[PDB]
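Have a look at upload-v6.cif below; it lists mmCIF, N, CA and C atoms.
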data_coords
#
loop_
_atom_site.group_PDB
_atom_site.id
_atom_site.type_symbol
_atom_site.label_atom_id
_atom_site.label_comp_id
_atom_site.auth_asym_id
_atom_site.auth_seq_id
_atom_site.Cartn_x
_atom_site.Cartn_y
_atom_site.Cartn_z
ATOM 1 N N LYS A 1 36.321 16.897 4.672
ATOM 2 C CA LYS A 1 36.321 17.072 6.166
ATOM 3 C C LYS A 1 36.006 15.720 6.836
ATOM 4 N N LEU A 2 35.742 15.743 8.178
ATOM 5 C CA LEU A 2 35.486 14.640 9.058
ATOM 6 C C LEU A 2 34.080 14.028 9.060
ATOM 7 N N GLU A 3 33.067 14.827 8.636
ATOM 8 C CA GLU A 3 31.694 14.461 8.513
ATOM 9 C C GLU A 3 31.465 13.779 7.169
ATOM 10 N N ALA A 4 32.333 14.171 6.193
ATOM 11 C CA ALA A 4 32.347 13.357 4.984
ATOM 12 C C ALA A 4 32.847 11.917 5.049
ATOM 13 N N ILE A 5 33.691 11.598 6.056
ATOM 14 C CA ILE A 5 34.056 10.201 6.319
ATOM 15 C C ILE A 5 32.841 9.447 6.792
ATOM 16 N N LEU A 6 32.118 10.038 7.841
ATOM 17 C CA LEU A 6 30.961 9.460 8.512
ATOM 18 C C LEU A 6 29.816 9.011 7.555
ATOM 19 N N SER A 7 29.568 9.811 6.458
ATOM 20 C CA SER A 7 28.508 9.576 5.504
ATOM 21 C C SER A 7 28.850 8.475 4.571
ATOM 22 N N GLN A 8 30.141 8.139 4.438
ATOM 23 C CA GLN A 8 30.625 7.056 3.644
ATOM 24 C C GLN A 8 30.701 5.727 4.340
ATOM 25 N N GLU A 9 30.530 5.599 5.691
ATOM 26 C CA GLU A 9 30.639 4.264 6.297
ATOM 27 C C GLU A 9 29.238 3.659 6.225
ATOM 28 N N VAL A 10 28.242 4.591 6.365
ATOM 29 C CA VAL A 10 26.848 4.281 6.239
ATOM 30 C C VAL A 10 26.524 4.006 4.837
ATOM 31 N N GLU A 11 26.839 4.926 3.904
ATOM 32 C CA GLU A 11 26.546 4.840 2.507
ATOM 33 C C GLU A 11 27.313 3.799 1.804
ATOM 34 N N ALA A 12 26.938 2.492 2.002
ATOM 35 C CA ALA A 12 27.803 1.420 1.580
ATOM 36 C C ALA A 12 27.189 0.112 2.027
ATOM 37 N N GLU A 13 26.838 0.092 3.342
ATOM 38 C CA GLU A 13 25.982 -0.843 4.090
ATOM 39 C C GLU A 13 24.518 -0.807 3.660
ATOM 40 N N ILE A 14 24.011 0.493 3.469
ATOM 41 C CA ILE A 14 22.640 0.775 3.105
ATOM 42 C C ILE A 14 22.419 0.612 1.644
ATOM 43 N N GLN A 15 23.463 0.188 0.881
ATOM 44 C CA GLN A 15 23.250 -0.332 -0.447
ATOM 45 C C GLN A 15 23.537 -1.802 -0.503
ATOM 46 N N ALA A 16 24.463 -2.324 0.294
ATOM 47 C CA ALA A 16 24.733 -3.754 0.381
ATOM 48 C C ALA A 16 23.527 -4.539 0.873
ATOM 49 N N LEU A 17 22.890 -4.039 1.983
ATOM 50 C CA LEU A 17 21.703 -4.605 2.585
ATOM 51 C C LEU A 17 20.496 -4.519 1.695
ATOM 52 N N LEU A 18 20.243 -3.285 1.114
ATOM 53 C CA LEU A 18 19.084 -3.124 0.198
ATOM 54 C C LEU A 18 19.136 -3.707 -1.213
ATOM 55 N N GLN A 19 20.310 -4.087 -1.687
ATOM 56 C CA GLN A 19 20.523 -4.860 -2.839
ATOM 57 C C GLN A 19 20.293 -6.307 -2.501
ATOM 58 N N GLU A 20 20.670 -6.775 -1.313
ATOM 59 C CA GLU A 20 20.489 -8.139 -0.872
ATOM 60 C C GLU A 20 19.047 -8.409 -0.694
ATOM 61 N N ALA A 21 18.253 -7.492 -0.139
ATOM 62 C CA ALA A 21 16.857 -7.740 0.175
ATOM 63 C C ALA A 21 16.002 -7.497 -1.046
ATOM 64 N N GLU A 22 16.544 -6.927 -2.163
ATOM 65 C CA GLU A 22 15.738 -6.823 -3.400
ATOM 66 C C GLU A 22 16.062 -8.078 -4.224
ATOM 67 N N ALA A 23 17.059 -8.932 -3.816
ATOM 68 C CA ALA A 23 17.230 -10.203 -4.478
ATOM 69 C C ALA A 23 16.686 -11.349 -3.684
ATOM 70 N N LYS A 24 15.963 -11.148 -2.583
ATOM 71 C CA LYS A 24 15.261 -12.196 -1.856
ATOM 72 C C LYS A 24 13.823 -11.999 -2.258
ATOM 73 N N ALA A 25 13.389 -10.673 -2.366
ATOM 74 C CA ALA A 25 12.146 -10.260 -2.849
ATOM 75 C C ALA A 25 11.966 -10.591 -4.383
ATOM 76 N N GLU A 26 13.067 -10.884 -5.085
ATOM 77 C CA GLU A 26 13.089 -11.400 -6.423
ATOM 78 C C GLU A 26 12.894 -12.932 -6.360
ATOM 79 N N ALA A 27 13.761 -13.525 -5.518
ATOM 80 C CA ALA A 27 13.854 -14.967 -5.396
ATOM 81 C C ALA A 27 12.718 -15.754 -4.952
ATOM 82 N N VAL A 28 12.015 -15.224 -3.936
ATOM 83 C CA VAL A 28 10.750 -15.809 -3.430
ATOM 84 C C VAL A 28 9.694 -15.745 -4.507
ATOM 85 N N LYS A 29 9.664 -14.623 -5.250
ATOM 86 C CA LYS A 29 8.721 -14.313 -6.197
ATOM 87 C C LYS A 29 8.920 -15.128 -7.460
ATOM 88 N N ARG A 30 10.154 -15.484 -7.830
ATOM 89 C CA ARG A 30 10.545 -16.401 -8.951
ATOM 90 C C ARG A 30 10.137 -17.852 -8.687
ATOM 91 N N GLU A 31 10.445 -18.353 -7.481
ATOM 92 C CA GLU A 31 9.935 -19.667 -7.039
ATOM 93 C C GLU A 31 8.408 -19.741 -6.933
ATOM 94 N N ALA A 32 7.687 -18.594 -6.621
ATOM 95 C CA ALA A 32 6.260 -18.561 -6.440
ATOM 96 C C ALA A 32 5.520 -18.775 -7.830
ATOM 97 N N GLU A 33 6.104 -18.190 -8.909
ATOM 98 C CA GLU A 33 5.697 -18.380 -10.273
ATOM 99 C C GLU A 33 5.983 -19.722 -10.830
ATOM 100 N N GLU A 34 7.217 -20.257 -10.610
ATOM 101 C CA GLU A 34 7.562 -21.577 -10.980
ATOM 102 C C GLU A 34 6.775 -22.628 -10.177
ATOM 103 N N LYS A 35 6.237 -22.397 -8.939
ATOM 104 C CA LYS A 35 5.384 -23.410 -8.270
ATOM 105 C C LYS A 35 3.980 -23.461 -8.878
ATOM 106 N N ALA A 36 3.326 -22.296 -8.998
ATOM 107 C CA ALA A 36 1.899 -22.183 -9.463
ATOM 108 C C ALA A 36 1.773 -22.800 -10.834
ATOM 109 N N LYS A 37 2.754 -22.494 -11.725
ATOM 110 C CA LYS A 37 2.900 -23.083 -13.079
ATOM 111 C C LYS A 37 2.923 -24.599 -12.893
ATOM 112 N N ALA A 38 3.778 -25.272 -12.014
ATOM 113 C CA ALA A 38 3.889 -26.666 -11.865
ATOM 114 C C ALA A 38 2.725 -27.378 -11.225
ATOM 115 N N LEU A 39 1.904 -26.708 -10.368
ATOM 116 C CA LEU A 39 0.715 -27.230 -9.737
ATOM 117 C C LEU A 39 -0.372 -27.203 -10.720
ATOM 118 N N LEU A 40 -0.159 -26.558 -11.916
ATOM 119 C CA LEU A 40 -1.154 -26.564 -12.934
ATOM 120 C C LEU A 40 -0.740 -27.503 -14.105
ATOM 121 N N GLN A 41 0.563 -27.910 -14.148
ATOM 122 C CA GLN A 41 1.089 -28.820 -15.033
ATOM 123 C C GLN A 41 0.643 -30.196 -14.677
ATOM 124 N N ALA A 42 0.556 -30.559 -13.364
ATOM 125 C CA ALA A 42 0.071 -31.767 -12.865
ATOM 126 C C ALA A 42 -1.473 -31.811 -13.003
ATOM 127 N N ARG A 43 -2.210 -30.693 -12.859
ATOM 128 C CA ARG A 43 -3.579 -30.556 -13.050
ATOM 129 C C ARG A 43 -3.891 -30.845 -14.546
ATOM 130 N N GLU A 44 -3.160 -30.296 -15.506
ATOM 131 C CA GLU A 44 -3.275 -30.549 -16.959
ATOM 132 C C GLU A 44 -3.171 -32.055 -17.303
ATOM 133 N N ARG A 45 -2.130 -32.761 -16.774
ATOM 134 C CA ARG A 45 -2.059 -34.175 -17.073
ATOM 135 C C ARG A 45 -3.222 -34.992 -16.545
ATOM 136 N N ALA A 46 -3.660 -34.640 -15.346
ATOM 137 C CA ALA A 46 -4.697 -35.383 -14.664
ATOM 138 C C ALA A 46 -6.038 -35.429 -15.415
ATOM 139 N N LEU A 47 -6.460 -34.288 -15.944
ATOM 140 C CA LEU A 47 -7.669 -34.099 -16.655
ATOM 141 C C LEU A 47 -7.694 -34.937 -17.937
ATOM 142 N N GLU A 48 -6.529 -34.981 -18.652
ATOM 143 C CA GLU A 48 -6.296 -35.698 -19.856
ATOM 144 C C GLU A 48 -6.536 -37.133 -19.632
ATOM 145 N N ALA A 49 -5.907 -37.740 -18.634
ATOM 146 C CA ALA A 49 -5.936 -39.108 -18.147
ATOM 147 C C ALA A 49 -7.359 -39.555 -18.051
ATOM 148 N N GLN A 50 -8.169 -38.683 -17.295
ATOM 149 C CA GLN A 50 -9.555 -38.872 -16.989
ATOM 150 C C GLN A 50 -10.502 -38.889 -18.095
ATOM 151 N N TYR A 51 -9.954 -38.573 -19.322
ATOM 152 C CA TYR A 51 -10.811 -38.316 -20.466
ATOM 153 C C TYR A 51 -10.490 -39.512 -21.359
ATOM 154 N N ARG A 52 -9.160 -39.918 -21.487
ATOM 155 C CA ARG A 52 -8.662 -41.027 -22.234
ATOM 156 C C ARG A 52 -9.246 -42.344 -21.678
ATOM 157 N N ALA A 53 -9.402 -42.466 -20.328
ATOM 158 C CA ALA A 53 -9.976 -43.570 -19.477
ATOM 159 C C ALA A 53 -11.414 -43.643 -19.612
ATOM 160 N N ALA A 54 -11.993 -42.446 -19.616
ATOM 161 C CA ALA A 54 -13.438 -42.261 -19.636
ATOM 162 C C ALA A 54 -14.051 -42.789 -20.919
ATOM 163 N N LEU A 55 -13.335 -42.460 -22.074
ATOM 164 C CA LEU A 55 -13.845 -42.738 -23.442
ATOM 165 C C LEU A 55 -13.710 -44.204 -23.756
ATOM 166 N N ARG A 56 -12.606 -44.804 -23.252
ATOM 167 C CA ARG A 56 -12.329 -46.213 -23.425
ATOM 168 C C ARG A 56 -13.369 -47.093 -22.725
ATOM 169 N N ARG A 57 -13.729 -46.761 -21.463
ATOM 170 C CA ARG A 57 -14.789 -47.275 -20.676
ATOM 171 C C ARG A 57 -16.144 -47.244 -21.380
ATOM 172 N N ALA A 58 -16.509 -46.068 -21.984
ATOM 173 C CA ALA A 58 -17.753 -45.962 -22.695
ATOM 174 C C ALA A 58 -17.746 -46.735 -23.992
ATOM 175 N N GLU A 59 -16.602 -46.953 -24.609
ATOM 176 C CA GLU A 59 -16.552 -47.761 -25.793
ATOM 177 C C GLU A 59 -16.803 -49.231 -25.458
ATOM 178 N N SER A 60 -16.114 -49.752 -24.446
ATOM 179 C CA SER A 60 -16.214 -51.128 -23.897
ATOM 180 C C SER A 60 -17.597 -51.418 -23.427
ATOM 181 N N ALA A 61 -18.197 -50.522 -22.594
ATOM 182 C CA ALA A 61 -19.536 -50.610 -22.085
ATOM 183 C C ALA A 61 -20.532 -50.774 -23.136
ATOM 184 N N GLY A 62 -20.490 -49.982 -24.186
ATOM 185 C CA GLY A 62 -21.404 -50.046 -25.233
ATOM 186 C C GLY A 62 -21.259 -51.257 -26.116
ATOM 187 N N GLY B 1 36.295 23.254 13.819
ATOM 188 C CA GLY B 1 36.260 22.044 14.553
ATOM 189 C C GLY B 1 35.563 22.240 15.923
ATOM 190 N N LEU B 2 34.335 21.701 16.010
ATOM 191 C CA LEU B 2 33.536 21.658 17.199
ATOM 192 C C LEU B 2 33.152 20.185 17.252
ATOM 193 N N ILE B 3 32.749 19.704 18.461
ATOM 194 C CA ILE B 3 32.383 18.312 18.641
ATOM 195 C C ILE B 3 31.072 18.165 17.986
ATOM 196 N N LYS B 4 30.382 19.271 17.714
ATOM 197 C CA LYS B 4 29.011 19.243 17.170
ATOM 198 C C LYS B 4 28.897 18.647 15.782
ATOM 199 N N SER B 5 29.984 18.662 14.989
ATOM 200 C CA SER B 5 30.041 18.175 13.661
ATOM 201 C C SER B 5 29.817 16.756 13.562
ATOM 202 N N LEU B 6 30.581 15.935 14.210
ATOM 203 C CA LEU B 6 30.574 14.482 14.260
ATOM 204 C C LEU B 6 29.441 14.002 15.123
ATOM 205 N N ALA B 7 28.994 14.744 16.198
ATOM 206 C CA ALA B 7 27.982 14.416 17.188
ATOM 207 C C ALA B 7 26.699 14.322 16.517
ATOM 208 N N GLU B 8 26.338 15.429 15.813
ATOM 209 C CA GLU B 8 25.021 15.609 15.176
ATOM 210 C C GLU B 8 24.978 15.015 13.830
ATOM 211 N N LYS B 9 26.153 14.444 13.383
ATOM 212 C CA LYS B 9 26.295 13.663 12.159
ATOM 213 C C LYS B 9 26.110 12.198 12.383
ATOM 214 N N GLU B 10 26.671 11.664 13.522
ATOM 215 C CA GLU B 10 26.428 10.349 14.067
ATOM 216 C C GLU B 10 24.918 9.961 14.247
ATOM 217 N N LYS B 11 24.105 10.931 14.795
ATOM 218 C CA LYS B 11 22.703 10.765 15.096
ATOM 219 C C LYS B 11 21.846 10.880 13.805
ATOM 220 N N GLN B 12 22.558 10.971 12.602
ATOM 221 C CA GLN B 12 21.917 10.920 11.334
ATOM 222 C C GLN B 12 22.331 9.651 10.680
ATOM 223 N N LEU B 13 23.548 9.209 10.957
ATOM 224 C CA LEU B 13 24.083 7.931 10.452
ATOM 225 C C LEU B 13 23.249 6.761 10.939
ATOM 226 N N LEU B 14 22.692 6.869 12.133
ATOM 227 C CA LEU B 14 21.835 5.949 12.794
ATOM 228 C C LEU B 14 20.431 5.947 12.147
ATOM 229 N N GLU B 15 19.875 7.111 11.718
ATOM 230 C CA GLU B 15 18.633 7.155 10.977
ATOM 231 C C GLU B 15 18.639 6.547 9.586
ATOM 232 N N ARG B 16 19.816 6.663 8.911
ATOM 233 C CA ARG B 16 20.086 6.120 7.607
ATOM 234 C C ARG B 16 20.175 4.623 7.644
ATOM 235 N N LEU B 17 20.700 4.029 8.717
ATOM 236 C CA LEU B 17 20.670 2.631 8.945
ATOM 237 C C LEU B 17 19.385 2.051 9.267
ATOM 238 N N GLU B 18 18.643 2.796 10.057
ATOM 239 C CA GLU B 18 17.321 2.350 10.461
ATOM 240 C C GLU B 18 16.315 2.185 9.331
ATOM 241 N N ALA B 19 16.252 3.191 8.392
ATOM 242 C CA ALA B 19 15.474 3.133 7.152
ATOM 243 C C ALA B 19 15.919 2.062 6.193
ATOM 244 N N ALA B 20 17.215 1.760 6.209
ATOM 245 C CA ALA B 20 17.726 0.678 5.484
ATOM 246 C C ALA B 20 17.180 -0.640 5.883
ATOM 247 N N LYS B 21 17.189 -0.954 7.189
ATOM 248 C CA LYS B 21 16.706 -2.193 7.728
ATOM 249 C C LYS B 21 15.155 -2.341 7.555
ATOM 250 N N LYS B 22 14.427 -1.161 7.737
ATOM 251 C CA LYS B 22 13.013 -1.064 7.622
ATOM 252 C C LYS B 22 12.546 -1.576 6.215
ATOM 253 N N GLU B 23 12.954 -0.840 5.185
ATOM 254 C CA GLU B 23 12.526 -0.979 3.827
ATOM 255 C C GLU B 23 13.200 -2.243 3.142
ATOM 256 N N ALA B 24 14.206 -2.838 3.909
ATOM 257 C CA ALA B 24 14.587 -4.223 3.554
ATOM 258 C C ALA B 24 13.564 -5.261 3.899
ATOM 259 N N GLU B 25 13.054 -5.256 5.139
ATOM 260 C CA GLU B 25 12.083 -6.126 5.709
ATOM 261 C C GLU B 25 10.627 -5.792 5.003
ATOM 262 N N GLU B 26 10.179 -4.524 4.893
ATOM 263 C CA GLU B 26 8.998 -4.063 4.262
ATOM 264 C C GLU B 26 9.052 -4.342 2.792
ATOM 265 N N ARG B 27 10.121 -4.970 2.192
ATOM 266 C CA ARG B 27 10.108 -5.282 0.792
ATOM 267 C C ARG B 27 9.953 -6.752 0.643
ATOM 268 N N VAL B 28 10.701 -7.488 1.466
ATOM 269 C CA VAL B 28 10.598 -8.893 1.439
ATOM 270 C C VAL B 28 9.301 -9.370 1.894
ATOM 271 N N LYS B 29 8.686 -8.600 2.791
ATOM 272 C CA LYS B 29 7.409 -8.757 3.387
ATOM 273 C C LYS B 29 6.382 -8.861 2.308
ATOM 274 N N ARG B 30 6.301 -7.783 1.390
ATOM 275 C CA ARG B 30 5.496 -7.770 0.210
ATOM 276 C C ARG B 30 5.566 -8.995 -0.684
ATOM 277 N N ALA B 31 6.745 -9.512 -0.978
ATOM 278 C CA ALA B 31 6.987 -10.645 -1.778
ATOM 279 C C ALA B 31 6.493 -12.018 -1.265
ATOM 280 N N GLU B 32 6.607 -12.183 0.053
ATOM 281 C CA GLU B 32 6.139 -13.324 0.784
ATOM 282 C C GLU B 32 4.640 -13.345 0.812
ATOM 283 N N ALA B 33 4.001 -12.158 1.037
ATOM 284 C CA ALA B 33 2.621 -12.075 0.977
ATOM 285 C C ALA B 33 2.100 -12.302 -0.465
ATOM 286 N N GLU B 34 2.635 -11.680 -1.432
ATOM 287 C CA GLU B 34 2.323 -11.823 -2.818
ATOM 288 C C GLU B 34 2.523 -13.264 -3.271
ATOM 289 N N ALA B 35 3.474 -14.069 -2.696
ATOM 290 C CA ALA B 35 3.704 -15.495 -3.039
ATOM 291 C C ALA B 35 2.592 -16.316 -2.558
ATOM 292 N N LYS B 36 2.108 -16.147 -1.276
ATOM 293 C CA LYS B 36 0.917 -16.775 -0.750
ATOM 294 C C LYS B 36 -0.263 -16.527 -1.654
ATOM 295 N N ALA B 37 -0.759 -15.247 -1.934
ATOM 296 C CA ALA B 37 -1.941 -14.880 -2.622
ATOM 297 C C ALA B 37 -1.935 -15.393 -4.040
ATOM 298 N N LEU B 38 -0.759 -15.527 -4.666
ATOM 299 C CA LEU B 38 -0.606 -16.085 -6.005
ATOM 300 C C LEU B 38 -0.911 -17.544 -6.053
ATOM 301 N N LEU B 39 -0.371 -18.318 -5.043
ATOM 302 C CA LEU B 39 -0.584 -19.754 -5.018
ATOM 303 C C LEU B 39 -2.022 -20.108 -4.606
ATOM 304 N N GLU B 40 -2.807 -19.182 -3.907
ATOM 305 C CA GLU B 40 -4.256 -19.264 -3.662
ATOM 306 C C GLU B 40 -5.082 -19.109 -4.895
ATOM 307 N N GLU B 41 -4.611 -18.156 -5.765
ATOM 308 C CA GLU B 41 -5.235 -18.055 -7.082
ATOM 309 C C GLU B 41 -5.023 -19.298 -7.963
ATOM 310 N N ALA B 42 -3.872 -19.905 -7.747
ATOM 311 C CA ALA B 42 -3.518 -21.199 -8.452
ATOM 312 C C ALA B 42 -4.290 -22.386 -7.902
ATOM 313 N N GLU B 43 -4.965 -22.236 -6.669
ATOM 314 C CA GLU B 43 -5.735 -23.377 -6.118
ATOM 315 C C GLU B 43 -7.106 -23.163 -6.507
ATOM 316 N N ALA B 44 -7.625 -21.965 -6.294
ATOM 317 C CA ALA B 44 -8.926 -21.436 -6.672
ATOM 318 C C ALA B 44 -9.277 -21.645 -8.101
ATOM 319 N N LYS B 45 -8.293 -21.372 -9.015
ATOM 320 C CA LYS B 45 -8.418 -21.633 -10.406
ATOM 321 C C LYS B 45 -8.420 -23.089 -10.752
ATOM 322 N N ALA B 46 -7.426 -23.845 -10.150
ATOM 323 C CA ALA B 46 -7.155 -25.253 -10.461
ATOM 324 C C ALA B 46 -8.266 -26.234 -10.142
ATOM 325 N N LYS B 47 -8.952 -26.073 -8.952
ATOM 326 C CA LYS B 47 -10.089 -26.909 -8.630
ATOM 327 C C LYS B 47 -11.304 -26.571 -9.429
ATOM 328 N N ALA B 48 -11.575 -25.299 -9.726
ATOM 329 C CA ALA B 48 -12.711 -24.845 -10.532
ATOM 330 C C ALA B 48 -12.483 -25.200 -12.008
#

Could you show the structure in this file as structure tokens?
Amino acid sequence: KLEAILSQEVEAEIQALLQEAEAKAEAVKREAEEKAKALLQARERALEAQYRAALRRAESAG
Amino acid sequence: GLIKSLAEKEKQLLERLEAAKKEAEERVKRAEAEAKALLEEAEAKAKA
């Protein structure tokens, strides 16, 4: 019938839009994990540096 | 065939769109907030 056409113009948009917004809610969240990981990768190198420098200084000093 | 078929069907097609737009924004919303709170845990942890 004619009401069955109407349910199909909607039922198409409301999956196109909600599939799109579940891949932005994916995407932001993927970059959020890859940032936190990298802000701790730079933190890891820094600490190392400070320890290699530190020990050399105490060897020289002594 | 009455006009009531398409009339009272149209005013449901509009509700189906509205929930679509809602729960699109209310989903991305969650992710943006969750991205902030995650990177706070990454600062809180990192300085300590």

task = Please evaluate the PyMOL selection byres ((chain B) within 8 of (chain A)) against the displayed coordinates and give the resulting residues as JSON, numbers by chain.
result = {"B": [5, 6, 9, 10, 13, 14, 16, 17, 19, 20, 21, 23, 24, 25, 27, 28, 29, 30, 31, 32, 34, 35, 36, 38, 39, 40, 41, 42, 43, 46]}

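For the pair CA of residue 42 (chain A) and CA of residue 58 (chain A), the separation is 24.8 Å.
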
remark   = CA of residue 47 (chain A) to CA of residue 48 (chain B) measures 12.2 Å

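The gap separating atom C of residue 45 (chain B) from atom C of residue 46 (chain A) is 13.4 Å, in Å to one decimal.
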
Set up a box along x, y and z of the file covering all listed atoms of region 34-43 of chain A, add 8 Å on every one of the six sides, and write the centre and edge lengths in Å to one decimal, as lines of an AutoDock Vina configuration file.
center_x = 1.8
center_y = -26.0
center_z = -11.7
size_x = 27.5
size_y = 27.6
size_z = 22.8
